[PDB]
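Using the entry's author numbering, you'd call the opening residue of the sequence shown number 35 and step up by one each time. Heads up, the beta-carbon is just placed ideally off N, CA and C, and yes, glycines get one too.
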Amino acid sequence: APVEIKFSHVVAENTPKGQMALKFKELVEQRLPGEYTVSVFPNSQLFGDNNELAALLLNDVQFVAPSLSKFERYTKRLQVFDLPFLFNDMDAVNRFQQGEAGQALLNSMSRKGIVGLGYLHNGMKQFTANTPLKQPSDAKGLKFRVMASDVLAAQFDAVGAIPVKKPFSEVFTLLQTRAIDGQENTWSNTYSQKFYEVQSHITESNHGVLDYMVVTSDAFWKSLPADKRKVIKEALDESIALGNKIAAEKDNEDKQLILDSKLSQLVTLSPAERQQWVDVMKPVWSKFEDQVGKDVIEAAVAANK
Ligand SMILES: [Cl-]
Ligand SMILES: [Cl-]
């Protein structure tokens with residue numbers, strides 16, 4: 035039998051990560067026919083947020099691509115990516131990722147058995163709730179789901195909101211049932227998971243980045259013969275490039291599809307409104323500056339300019 039390579043993730047198929055994973059499957063099976071096959075498991079059908087990294091290290095799955103927010107059990111260094119309003123836009127994110135500090139972060143978990151293979155984009159996060167979030171005061175007392183990140187919890191603490199860490203697979207139902215008031219996510223996730231059907235208002239805040247690290251286990255990666263590993267790595271690189279293109283396309287397409295539905299009201303921030311949000315969030319950077327490194331924050335800030 036060909037060696038089966040399993041790739042699990044938590045998103046819908048028709049998304050940047052969903053498409054990256056399928057492109058990787060296509061390229062491996064084209065270039066190494068009969069030698070390797072890639073099985074892709076979207077929508078948390080095999081492993082979900084809470085168990086995927088444990089599964090990876092057990093070699094129950096060979097590739098995963100978690101949000102950069104979801105690595106705190108293995109390193110505190112990736113917390114930089116969660117800081118609110120650190121990056122102006124995806125161009126700045128990419129520059130930071132491709133610079134020396136960003137490249138070094140790919141190896142931040144290597145002694146824990148996790149090999150960083152590349153960064154894959156999704157997009158900037160927007161707030162949703164059942165009220166406009168024009169100013170920080172509008173979030174006070176509201177319950178927001180967050181990815182399992184202390185930085186993201188602190189982001190909501192900073193405005194007197196109540197953060198709740200929950201796996202991605204639960205978010206739609208939590209919103210639907212009003213167990214939570216709101217959440218934060220990209221247009222692509224908001225559209226593909228139908229969050230906009232159970233939230234009356236989406237505020238275009240662009241207040242943080244949701245990106246991924248594509249990872250494998252050291253044990254699996256070392257178990258490959260070097261020539262086959264090189265072919266697999268090149269296929270992965272090409273799949274990430276395609277996924278990044280899709281990410282940018284979906285960010286525009288899916289915003290428009292949400293607007294077309296007329297089910298959720300878009301809320302835009304004035305410059306002064308945005309600045310109020312920026313200012314109230316800066317203390318989150320101060321809370322984490324030691325763990326993350328002042329030097330690393332400064333490298334990220336400089337990537338904007
Ligand atoms: Cl885990
Ligand atoms: Cl929590």
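With a threshold of 8 Å, the Cβ atom of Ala-88 counts as near ligand 1, since some heavy atom of the ligand is closer than that.
Of the residues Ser-273, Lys-40, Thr-165, the one whose Cα lies closest to the Cα of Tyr-153 is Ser-273. Within its own chain, the residues whose Cβ lies closer than 7 Å to the Cβ of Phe-58, once the five positions on either side in sequence are excluded, are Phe-41, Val-72, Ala-269, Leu-270, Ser-273, listed in chain order.
Relative to ligand 2, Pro-166 has its C-beta separated by 8 Å or more from all heavy atoms.
Here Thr-302 is exposed: its Cβ has fewer than 16 other Cβ atoms, across all protein chains shown, within 10 Å. In the structure shown, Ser-101 adopts extended strand secondary structure according to DSSP, grouped into three states. By the rule of a C-beta closer than 7 Å to any heavy atom of ligand 2, the residues picked out are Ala-187, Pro-197, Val-198, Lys-199.
Short of 7 Å from the beta carbon of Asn-48, and not among the five residues preceding or following it, lie these beta carbons of its own chain, in chain order: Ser-226. Distances from the CB of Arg-107 to the heavy atoms of ligand 1 include at least one below 8 Å. For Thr-250, the enclosing beta strand (DSSP E) begins and ends at 243-251.
Close CB contacts of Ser-183 within its chain, under the 6 Å cut and outside five residues either way in sequence, are with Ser-103, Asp-116 (chain order).
Counting C-beta atoms within 10 angstroms of its own C-beta, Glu-218 has 16 or more neighbours from the protein chains shown and is therefore classed as buried. Rounded to whole angstroms, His-241 and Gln-131 show a C-alpha spacing of 18 Å.
Residues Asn-164, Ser-298, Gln-299 of the same chain have their beta carbon placed closer than 7 Å to that of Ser-234, with the five preceding and five following residues left out of the count.
Around the beta-carbon of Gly-136, 16 or more other beta-carbon atoms lie within 10 Å, marking it buried. Per DSSP, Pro-118 lies in no alpha helix (DSSP H) and is assigned neither H nor E. Per DSSP, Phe-130 has no beta-bridge partner at all. Following the DSSP letters along the chain, one finds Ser-142 in no beta strand (DSSP E), marked with neither H nor E.
Inclusion of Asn-85 in the 8 Å shell around ligand 1 follows from its C-beta lying nearer than that to a non-hydrogen atom of the ligand. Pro-197: member of the beta strand (DSSP E) spanning 196-199, first to last residue. Of the candidates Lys-279, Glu-323, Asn-223, the residue whose Cα lies closest to the Cα of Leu-291 is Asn-223.
The straight-line gap separating the alpha-carbon atoms of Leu-112 and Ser-320 is approximately 16 Å. When the Cα atoms are used, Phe-75 and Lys-267 turn out to be separated by approximately 20 Å. Using a Cβ distance threshold of 9 Å, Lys-199 and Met-181 count as a contacting pair.
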